[PDB]
Each structure stands twice: as C-alpha cells, then as structure tokens.
Amino acid sequence: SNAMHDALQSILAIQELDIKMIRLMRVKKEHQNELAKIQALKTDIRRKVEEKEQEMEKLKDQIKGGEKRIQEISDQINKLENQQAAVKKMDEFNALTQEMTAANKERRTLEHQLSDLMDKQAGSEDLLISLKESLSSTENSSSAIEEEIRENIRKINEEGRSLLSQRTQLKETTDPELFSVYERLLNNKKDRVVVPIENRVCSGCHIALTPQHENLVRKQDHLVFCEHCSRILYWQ
Ligand SMILES: [Zn+2]
C-alpha cells in the first residue's frame, strides 16, 4: 500500500531520532557518573582533612591543659620547699619530704604524657599538611576535566533539545496507530523496533521467518510483527 509505505517511511525517520536520543541520554549519564566520581574523590579528602582538624583541636586543648597542671604542681612543690626550710619538728620535715616526692612523681607522669601529646600533635600536623596538599593537587588536576565534562553535557542537552523538536514535527504527520505500537516496543527494547527482513530473518532478533510469514510482510497491506521478538517487520 502507498499509505503503508508513507507510514513506514515516517516512523523509520522518527526511529532514527529516538535512537540518537537514547544514545545521548546514555552518554550524559556516563559523564554525570564521571563527575560524581571526581566530586567523591575530593569529598573523601575533605573528610580526612576535617577529621584531622578536629583531632588537632583536641590536642591543642589537652596540651594547654597539661602545661597548666604541670605549672600548678611546680608552684606547689616550690611552696612546700619554702615551708620545709622553716620547719623544726622531724615529723613535719618528713611529711614535706614525702609530699614533695609524691608531687614530683605525679608531675613526672604528667610531663611524659605532655611529651606524648606534643609528639602526636607534631605527627598529625605533618599528616594534615600532606592531606591539604593532596586536596589542592586533586582539585588542580581535575578542574579542567570537570569543566570539559560539563560542557559536553551542555552540548548533549542542546542537541537533545533539537532532536526532540524534530521528533515532534514528524509525529504530527505520522500514523497514530503505528506510532502507539512503535513507542511501546521501543520503551521495551531500547533499540530499533521497526526493522527490515534481511537474509529472510528478522534483523532485530535474527530468527528466520517462515515463508508464509515473509509472504505476509511483502503484501505491505497490514502491520506484521516478528513471531519471536514482536518487532514490526517490513520489506526493503
Ligand atoms: Zn524478531
């Protein structure tokens, strides 16, 4: 049929737009995954920097607190030494000896902890510095790539805009019963669903038609579907 040939030519041309649009959407999604992968590499480094900063804040305060308590014990030991220089009774002399011994031993313990904290802060500062460097290098190595990816997406979006408007100008003059079938097939298969007979097989699924079924397709007087994949078959 003349009219069937026109309906086919029209859906065939819509089908080429739909294939491109499916391709574009897949490449967009792939570019967006590549961006999220880059963002996630940076976000991981920022998290490490944040955890290190909070840890440095705790060290700062434990260091300040330790120095202050060491100071306080040191002043108290000095007070005890002045007291002892003036005592006359052996029991008081001895109590001050014992107290100073005990106080000094606690101070010694605090000083060794303070040394430990200061060393942790020194090594953690080196680690923070290295993580900031790595954050800056990653951002630097990646900013040109991210902007090039985003521009590709832009150009995909704008090309997709054009293929949509073209699709809409063809849908107007296209047979609506055939389109309604086409569109459900396409949503199901995501590739060409109006397909020709090649080498006496369905070119969509590659399963051979019975000769009777080929006869039906050639008459071109009604929509004929592949008996195995359900795609629309046509001749030429
Ligand atoms: Zn088939």
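Index from 1, following the sequence. Hydrogens, waters and symmetry mates play no part in the numbers below; they use all other heavy atoms, side chains included.
- The CG atom of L96 lies 10.5 Å from the OG1 atom of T101; values are rounded to the nearest 0.5 Å.
- Remark: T43 OG1 to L135 CG distance equals 9.5 Å, nearest 0.5 Å.
- Under a 4.0 Å N-O distance rule, the pair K64/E67 does not qualify as a salt bridge.
- Looking only at distances, a side-chain donor or acceptor of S142 sits under 3.5 Å from a matching main-chain atom of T138.
- Under the 4.5 Å side-chain contact rule for hydrophobic residues, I129 and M118 do not share a cluster.
- Salt-bridge check for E51 with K48: failed, with every basic side-chain N at 4.0 Å or more from each acidic carboxylate O.
- Residue-environment remark: CG (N199) stays at or below the threshold of 12 foreign heavy atoms within 6.0 Å.
- No side-chain heavy atom of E99 sits less than 4.5 Å from a side-chain heavy atom of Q83.
- Side chains of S115 and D119 form no contact here, defined as non-hydrogen atoms less than 4.5 Å apart.
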Assess the residue pair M100 and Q84 against the criterion (side-chain contact (heavy atoms from CB on, under 4.5 Å)); give the C-alpha distance rounded to whole Å, side-chain angles, the decisive distance to 0.1 Å, and a yes or no. CA-CA 10 Å; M100 283 180 270; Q84 189 185 234; 3.4 Å; yes
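- Criterion: ILVMFWY side-chain heavy atoms under 4.5 Å apart, direct or through other members. Under it, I153 and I145 are part of a common hydrophobic cluster.
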side-chain contact (heavy atoms from CB on, under 4.5 Å) evaluation trace for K132 with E53: CA-CA 11 Å; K132 282 178 182 171; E53 289 183 339; 3.6 Å; yes
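- Between the side chain of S162 and the backbone N or O of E158 there is no donor-acceptor pair closer than 3.5 Å.
- Under the 4.5 Å side-chain heavy-atom criterion for grouping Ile, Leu, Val, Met, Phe, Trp and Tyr, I11 is connected to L164 within one hydrophobic cluster.
- Salt bridge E139/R46: present, at least one basic N to carboxylate O contact under 4.0 Å.
- Considering all non-hydrogen atoms of both residues, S203 and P196 come closest at OG-O, 2.9 Å.
- Here the closest non-hydrogen pair linking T174 and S10 is OG1-OG, 3.0 Å.
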I'd like to know whether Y182 forms a side-chain contact (heavy atoms from CB on, under 4.5 Å) with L186, so could you lay out the CA-CA distance, the side-chain angles of the two residues, the decisive distance to 0.1 Å, and finally the verdict. CA-CA 6 Å; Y182 162 75; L186 181 76; 3.6 Å; yes
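- At least one side-chain heavy atom of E34 sits under 4.5 Å from a side-chain heavy atom of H31.
- When hydrophobic clusters are built by joining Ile, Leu, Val, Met, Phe, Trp and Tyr residues whose side-chain heavy atoms come closer than 4.5 Å, directly or via intermediates, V195 is not grouped with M4.
- Of the candidates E227, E214, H213, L233 forms a side-chain contact (heavy atoms from CB on, under 4.5 Å) with just one, namely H213.
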CA sep, side-chain torsions, deciding dist, call: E183, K171, salt bridge (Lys or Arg N to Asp or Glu O under 4.0 Å): CA-CA 11 Å; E183 188 171 33; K171 270 183 57 160; 5.1 Å; no
Go through it in stages, so that I can follow the logic: the residues are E30 and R26, the test is salt bridge (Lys or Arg N to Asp or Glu O under 4.0 Å), and I'd like the CA-CA distance, side-chain angles, deciding distance and then a yes or no. CA-CA 6 Å; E30 288 166 1; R26 173 187 60 84; 3.0 Å; yes
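- The heavy-atom pair separating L209 from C202 by the smallest distance is CD1-N, 3.3 Å.
- A 6.0 Å sphere centred on CG of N2 holds no more than 12 heavy atoms belonging to other residues, nucleotides or ligands.
- With hydrophobic clusters built from ILVMFWY side chains whose heavy atoms lie under 4.5 angstrom apart, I232 does not share a cluster with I197.
- Here the side chains of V181 and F225 are in contact, with some heavy-atom distance below 4.5 Å.
- Using a 4.5 Å cut-off on side-chain heavy atoms (C-beta onward), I14 and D18 make contact.
- Salt bridge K155/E159: absent, no basic N to carboxylate O contact under 4.0 Å.
- In this structure the side chain of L128 reaches within 4.5 angstrom of the side chain of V49, judged on heavy atoms.
- Within the 4.5 Å cutoff, side-chain heavy atoms of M21 are placed close to those of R167.
- Atom-to-atom distance recorded for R184:CZ and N187:CG is 9.5 Å, nearest 0.5 angstrom.
- Interatomic distance, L163 CG to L24 CG, rounded to the nearest 0.5 Å: 6.0 Å.
- Between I156 and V27, the shortest heavy-atom distance links the atoms CD1-CG1, 3.9 Å.
- Other residues, nucleotides and ligands place more than 12 heavy atoms under 6.0 Å from the CD atom of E198.
- No hydrogens or angles considered: nothing links the side chains of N152 and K28 as a donor-acceptor pair under 3.5 Å.
- Each of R107, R69, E111 was compared with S74 under the side chain to side chain donor-acceptor pair (under 3.5 Å) criterion, and only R107 meets it.
- Other residues, nucleotides and ligands contribute more than 12 heavy atoms inside 6.0 Å of the NE2 atom of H228.
- Heavy atoms of other residues, nucleotides or ligands lying less than 6.0 angstrom from CD of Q169 number 12 at most.
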side-chain contact (heavy atoms from CB on, under 4.5 Å) evaluation trace for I207 with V201: CA-CA 5 Å; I207 297 185; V201 318; 6.0 Å; no
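- Scanning all heavy atoms of the two residues, the minimum distance from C205 to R231 falls at N-NH1, 4.4 Å.
- Nearest heavy atoms, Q15 versus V194: OE1-N, 2.8 Å.
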Applying salt bridge (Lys or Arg N to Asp or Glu O under 4.0 Å), run through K20 and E16 and close with a yes or a no. CA-CA 6 Å; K20 292 192 207 170; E16 292 309 300; over 6 Å; no
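- Taking CE of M56 as the start and CD1 of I63 as the end, the distance is 7.5 Å to the nearest 0.5 Å.
- With hydrogens and angles ignored, the 3.5 Å screen pairs no side-chain donor or acceptor of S130 with any backbone N or O of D126.
- Residues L223 and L178 have side chains in contact (heavy-atom distance under 4.5 Å, counting atoms from C-beta outward).
- Listed for the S1 side chain is no donor-acceptor partner under 3.5 Å among the backbone atoms of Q220.
- No side-chain donor-acceptor contact under 3.5 Å links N94 and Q98.
- Salt-bridge annotation for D91 and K89: absent, with no side-chain N of the basic residue lying under 4.0 Å from a carboxylate O of the acidic one.
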Using the side-chain hydrogen bond (donor to acceptor under 3.5 Å, both in side chains) rule, take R218 and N215 through it: C-alpha gap first, then chi angles, then the decisive distance, then the call. CA-CA 5 Å; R218 290 230 215 178; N215 287 330; 5.8 Å; no
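- To the nearest 0.5 Å, the span separating CG on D191 from CZ on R23 amounts to 15.5 Å.
- Using a distance-only test at 3.5 Å, with no hydrogens or angles considered, no donor-acceptor pair links the side chain of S136 to the main chain of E133.
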